[PDB]
Structures are given as C-alpha cells and as structure tokens.
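# sequence unknown, structure follows:
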Ligand SMILES: O=C(Nc1ccc(Cl)cc1)Nc1ccc(Cl)c(Cl)c1
Ligand SMILES: O=C(Nc1ccc(Cl)cc1)Nc1ccc(Cl)c(Cl)c1
Ligand SMILES: O=C(Nc1ccc(Cl)cc1)Nc1ccc(Cl)c(Cl)c1
Ligand SMILES: O=C(Nc1ccc(Cl)cc1)Nc1ccc(Cl)c(Cl)c1
C-alpha cells in the first residue's frame, strides 16, 4: 500500500461521554486527499460518519452525528481526528478511517482502497 | 476568585507551512455550550479575533485571514477547546489567548469576555 | 481557613491511560510545606498516594504507585500536580490533596488540617 | 523521520520565577525511551540538564539544576515536561529536548539522533 493508517484512542464510555480517535497516516501521504470515517455496528454494514478533504480541510457529516462529532486534521503530523461528544448507545461500533487518491469525500466505503485497523467504541446506557 | 479557570497548552516555533495544536482546558463551574473565543496579539499590535466556538451544536466562526487554515473544536467531557493550526505563516506569530463568557454567542470583541487564559507563544519563522 | 486548596482535572480515563490532577493553593501559602495526595475507594479508608515537600521538592510514593505516578510543584502558581500514568481499575477513587504547616510529608491523613474538595477518577478496562 | 518533537513555552521570567516547558513526541513513539533536556547559552555547546527513561520512569539531574527543576512524563500524550522553579539569571539559555532508541539516559548530546527545535528562556536581574 502507498499509505498505512494507524488508528488510536477508543474504549468504553457512558452515554453523554466524549472520546477522541486519531488516524495517523504514514508512507506517501498527501493531506488534501479525502479521509473518511466509517463505522460498523454489530449486524450492520459500514456506515459513513464523516469526512475531511481539500486544501482547505472542508468537512462533511452524516445526519446522525452532526453537531456531536467533529473531524479535524493536523497536516504536519499527517493525522486526522474524530472528536466525539454526547455519545449515545447507538454510537457503539468499530470505527474505521479510510483514504483514497482524490480530494473528494464519498459515502461509499468501496471507493476507499486504504483502511485503518478499526477501533472499538462502546457506549453504555 | 474566578468561577472558571482557563489553562492553555501547546504552541512553540515551527516553519512556515507548519502545524500546531493549542489547548485551552477549563476548570471550575464550566458549561461547555458557552462561547470560547481565541484572540491573538503580537508585540506592538492590537489584540484581534481569531475564531470561536459556542452553542449546543458547537457552532464555529473565524476571522477571514485564518479560514481554511485553523479549525476549532471542543471535548465536552475534558471541558477543553482546541485550536488546530495548519499552513502557518509568519503573519500568524503572536501570543494566542482563549477566553470565555456566560453566553453561547461568540463575539469578536475581547471586552465582552471576563475570563482569560494565560496565553501561549506561537512563532512561525520566515 | 488560612490556605485554601482548589482541585482540578478528574474524570474518566481508559485502562492504561493517563491523567494529570491539579491542586492550587491560595492564601498565606508556603510552597516548601508538604502537599499530600490521598485517595478513597468505596469501602476503604483514605490511603496515602504520594507527597511533595521541602525546599528541594522531595517526593515519596506508596509502593503500588511508584514508577507510575509523579508529583511535581510550580512555586509561582502555588500549584501541585499529580501526573498519573498506566492507570488501571484499582486506581478508581476520589483523589484528594492536603497540606499542613510543615515541610515533612506524612502518610497519615489526620495530621493535615487543609483539604481540597476532592475529584473523582474513574478507570474502566 | 521516525519521531518528531515539538517544544512549547519559553519566555521571560523574573529571578525567582517558574516556567514549564513541554516536549511533545509524535510518530512511532515509545514512551520509556530516554528523553534528555539540554541547554545552550550564547554559543557554549549543549550541557545536560536532566533526563527521564525506563518503564518505571526514572529521572536523572545535573548538579546545577537538581531540586529546582523537575522532569515528568505523560504517557498518553507522549509528552515530557521540564518544570523550572527558583529560576535565576544563570539559567538563561536555549533549552532543547532530545530522544533516542534506548531507555538509557546519557549526558552527551551526540547519542540522541532526534532534536526539538529549542525554546528560549530568559531570566532577569
Ligand atoms: O495520504 C492520504 N490521505 C491523507 C489524508 C489526510 C492526512 Cl492528515 C494524511 C493523509 N491519502 C492517500 C495517499 C496516497 C494514495 Cl495512493 C492514496 Cl490511495 C491515498
Ligand atoms: O465554562 C465556560 N466555557 C466553556 C466553554 C467550552 C468548554 Cl469545552 C468548557 C467551558 N464559560 C463560563 C462558565 C462560567 C462562567 Cl461564570 C463564565 Cl463567565 C464562563
Ligand atoms: O501553603 C501550603 N502548602 C503549599 C504546598 C505546595 C504549594 Cl506549590 C503551595 C502551598 N501549606 C500551608 C500554608 C500555610 C499554613 Cl497555616 C498551612 Cl497549615 C499550610
Ligand atoms: O519515542 C521516543 N521517546 C519518547 C520519550 C518520551 C515520551 Cl513521553 C515519548 C517518546 N523516542 C524514540 C522513538 C523512536 C525512535 Cl526511532 C527514536 Cl530515535 C526515539
């Protein structure tokens, strides 16, 4: 692979809690390229959460996470973050970052050829 | 005695085009929907608004000169607000301050914020 | 009410993670005086965690936290910090700082007349 | 290439004042590896100030700073701090942090391949 994505920072929190995930990229990195966050809960397909792309770090969000989750990036560290607030039990899933050779963010996981390892996030009621 | 205390971290010297993350950790009677504003001040210059975050939905606002380069976010449970800087320029050199007030509305005037961080130096070499 | 201690910095940490607590002193402060750190889990008495005192900022630690926790102090801010690393569930507890009119760090809570209000630290695994 | 360190927080202080420097590590970090602090005044070569290393986080100090300066570590944030107290004008210098692929602390700058950018510190009369 041209690029390797290493994820950090999940765990188990109570409803209303916060977590921050990181996705550190190494290899032939290019920070304007799209980084997507996707999650997969038990029994479900990979659902798009949000993405970041472009020379100006523009973000886009799924309806179910807007306002609560925030995506950012540190260019010099080649790292993209997913800040999660007001967490809900329904947010429980394995979270993945993924990237592709385009600035454009897509909702389809299938157009991202490069995947991080996944991080479990679990939210108690 | 203040009702809230702001403790700033991060900063330093980087090259033009570099990146930094600044942190502003709030303690005491904290209420995370209240506005947190970032201001900067370079030696011999007036204070100026950088950007801010506020509201239940974490709405952000920025000065024109930093839009597309700086991003503000918050971590409610750590009661901490971050200012992510990318594509840094010599022009961005200054002490950076966070500030807060008992209102969700982000104001661009420093006068309306009664509570201040201690500042952190950011130097961007030419 | 000769010196008062305001704590900061508690909360939920994931197993293996880190947290810094703060204890700020106000009033007729003497930074060479001993600041003790103690914790209490439900169903146990306040047990000594560690402490700092003297002009040289000498420290001492309970066996179970040595290597993992560091105490330090900032004289101009009249603040003492508890840096905690490699946190595990056994560390979950309400954590207190305390002081006394003496440079000697005592392991007994009874000889400290000044207490901070305490903060909860919860670790899940 | 493998780890970067970013230093924070220089500045002016009065004699008798305190200051806290940070050294944030990023990349393929290993937190028990040795991080040394050095200082250099108007061209004199970097003299050792202190270091921290090992699983149990052991600290070592130069004679000229012991007691007054303290080093600690936050493993979660891959950051090392140097807290400075009772500062005096002879402490005026550029301070650096450095790291190496070994737990062992050494007093020689040479054996640390990785260098922070340096922070100025100035202490007045
Ligand atoms: O590098 C990246 N994305 C990326 C995005 C944000 C940050 Cl901070 C860092 C890296 N993508 C990339 C690079 C090369 C190829 Cl071939 C492909 Cl297919 C993708
Ligand atoms: O608490 C805050 N702001 C704040 C904003 C964001 C975060 Cl993550 C955390 C805290 N302000 C506040 C609170 C009380 C008073 Cl009196 C005043 Cl005057 C201001
Ligand atoms: O001041 C302190 N402790 C203290 C410790 C560390 C720092 Cl950084 C700052 C302050 N104790 C004190 C002071 C006065 C009295 Cl009467 C008594 Cl009874 C205790
Ligand atoms: O990681 C480190 N040091 C370090 C020290 C303190 C903390 Cl909190 C975190 C990290 N060194 C390192 C790591 C890799 C390489 Cl190749 C080299 Cl050459 C050095």
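Here it is on my side, so go on. Numbers count the residues shown, from 1 in each chain, chains lettered A, B, ... in the order given. Ligands and ions are numbered 1, 2, ... in the order given.

# what's the neighbour count on the nearest residue to residue A:82 once chain neighbours are set aside?
Using Cβ to Cβ, 6 or more residues apart in numbering or on different chains and skipping the chain neighbours, the partner closest in space to residue A:82 is residue A:21 (4.5 Å). The way it works is simple: take the backbone N, C-alpha and C, and place the C-beta from them, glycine included. Applying other Cβ atoms under 10 Å in any protein chain shown, we find 23 residues neighbouring residue A:21.

# show me what contacts residue A:21?
A:7, A:8, A:9, A:10, A:37, A:81, A:82, A:84, A:95, A:97, A:119, A:121 (Cβ atoms under 8 Å, 6 or more residues apart in numbering or on different chains).

# Kindly report the same for residue A:103.
Going by Cβ under 8 Å, 6+ apart, residue A:103 touches A:32, A:33, A:34, A:53, A:54, A:55.

# again with residue A:120
Contact analysis of residue A:120 by Cβ under 8 Å, 6+ apart lists A:10, A:11, A:94, A:95.

# between those residues, which is closest to residue C:64?
residue A:11 (23.2 Å; Cβ to Cβ).

# With adjacent residues omitted, what lies nearest to the closest one?
That would be residue C:14: by Cβ to Cβ, 6+ apart, it lies 3.9 Å from residue A:11.

# hang on, the one you found packs against residue A:8?
No. Look at residue C:14 against residue A:8 with Cβ atoms under 8 Å: they stay out of range, at 10.8 Å.

# got the residue ranges for the strands in chain A?
A:3-8, A:11-14, A:19-27, A:35-40, A:47-53, A:58-61, A:69-74, A:79-84, A:93-99, A:114-115, A:119-124 (DSSP state E).

# Could you pull out the buried residues of the first one?
Residues of strand A:3-8 classed as buried: A:3, A:5, A:7 (neighbour count, 16 or more other Cβ atoms under 10 Å in any protein chain shown).

# Now do the contacts for the spatially closest residue to the first one that is not a sequence neighbour.
For residue A:3, ignoring the flanking residues on the chain, the nearest one in space by Cβ to Cβ, 6+ apart is residue A:27 at 4.2 Å. Residues in contact with residue A:27, defined by Cβ under 8 Å, 6+ apart, are A:1, A:2, A:3, A:4.

# The residue sitting nearest the centre point of chain A pairs with what?
Nearest to the geometric centre of chain A sits residue A:37, at 2.6 Å (Cα atoms, centre = their mean). Following DSSP bridges, residue A:37 is listed with bridge partners residue A:50, residue A:97.

# Can you tell me how far it is from ligand 4?
26 Å (Cβ to the nearest ligand atom, to the nearest Å).

# likewise residue A:42?
From residue A:42 to ligand 4 the distance is 35 Å (Cβ to the nearest ligand atom).

# And for residue A:57?
Taken as Cβ to the nearest ligand atom, the span from residue A:57 to ligand 4 is 27 Å.

# Which residue would be the closest one in chain A to chain C?
residue A:11 (3.9 Å; Cβ to the nearest Cβ).

# and residue A:124, what are its bridge partners?
Assessed by DSSP bridges, residue A:124 has beta-bridge partners residue A:14.

# Quick check, it in contact with residue A:13.
Yes. Using Cβ under 8 Å, residue A:124 is in contact with residue A:13, at 7.2 Å.

# Compare these two and say which is more crowded by neighbours.
residue A:13 (21 against 12).

# Get me the contact residues on chain A for chain B.
Contacts of chain A with chain B, taken as Cβ under 8 Å from any Cβ of the partner chain, map to A:17-18, A:20, A:55-57, A:66-67, A:70, A:72-77, A:81, A:83, A:85-86.

# Just give the nearest non-adjacent residue to the residue of chain A found nearest chain D, would you?
Closest residue of chain A to chain D, Cβ to the nearest Cβ: residue A:77 (5.3 Å). The shortest distance from residue A:77 to any non-neighbouring residue, by Cβ to Cβ, 6+ apart, is to residue D:26 (5.3 Å).

# Would you mind measuring from that neighbour to chain B?
10 Å (Cβ to the nearest Cβ, to the nearest Å).

# Contact residues of chain A facing ligand 4?
Taking Cβ under 6 Å from any ligand atom as the criterion, ligand 4 has no neighbours within chain A.

# and the residue of chain A found nearest ligand 4, how many residues sit next to it?
Nearest residue of chain A to ligand 4, counting by Cβ to the nearest ligand atom: residue A:26, 12.9 Å away. For residue A:26, the neighbour count with other Cβ under 10 Å is 15.

# hang on, it packs against residue A:3?
Yes. With contact defined as Cβ under 8 Å, residue A:26 reaches residue A:3; the gap is 6.9 Å.

# Any idea how many residues pack against the residue nearest to residue A:79 when sequence neighbours are not counted?
Excluding the flanking residues, the one nearest residue A:79 by Cβ to Cβ, 6+ apart is residue A:24, at 4.7 Å. When neighbours are defined as other Cβ under 10 Å, residue A:24 has 21 of them.

# Would you agree residue A:24 is in contact with residue A:77?
Yes. Between residue A:24 and residue A:77 there is a contact under Cβ under 8 Å: 7.0 Å.

# and residue A:102, what is it in contact with?
Here residue A:102 is in contact with A:33, A:34, A:53 (Cβ under 8 Å, 6+ apart).

# again with residue A:36
Residue A:36 neighbours (Cβ under 8 Å, 6+ apart): A:48, A:49, A:50, A:51, A:97, A:98, A:99, A:100, A:105, A:106, A:109, A:112.

# In TSV, list the residues you listed along with neighbour count.
Output for the contacts of residue A:36, formatted as TSV (neighbours: other Cβ atoms under 10 Å in any protein chain shown):
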residue	neighbour count
A:48	20
A:49	23
A:50	20
A:51	26
A:97	31
A:98	22
A:99	25
A:100	19
A:105	23
A:106	17
A:109	16
A:112	22
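
# Dump these to a markdown table, plus distance to ligand 1.
What follows is those, written out as a markdown table (distance: Cβ to the nearest ligand atom, whole Å):
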| residue | distance to ligand 1 |
| --- | --- |
| A:48 | 16 |
| A:49 | 15 |
| A:50 | 13 |
| A:51 | 10 |
| A:97 | 9 |
| A:98 | 9 |
| A:99 | 4 |
| A:100 | 5 |
| A:105 | 11 |
| A:106 | 13 |
| A:109 | 14 |
| A:112 | 8 |
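
# and the two most separated of these?
Maximum pairwise distance among the contacts of residue A:36 (Cβ to Cβ): 15.7 Å, between A:49 and A:100.
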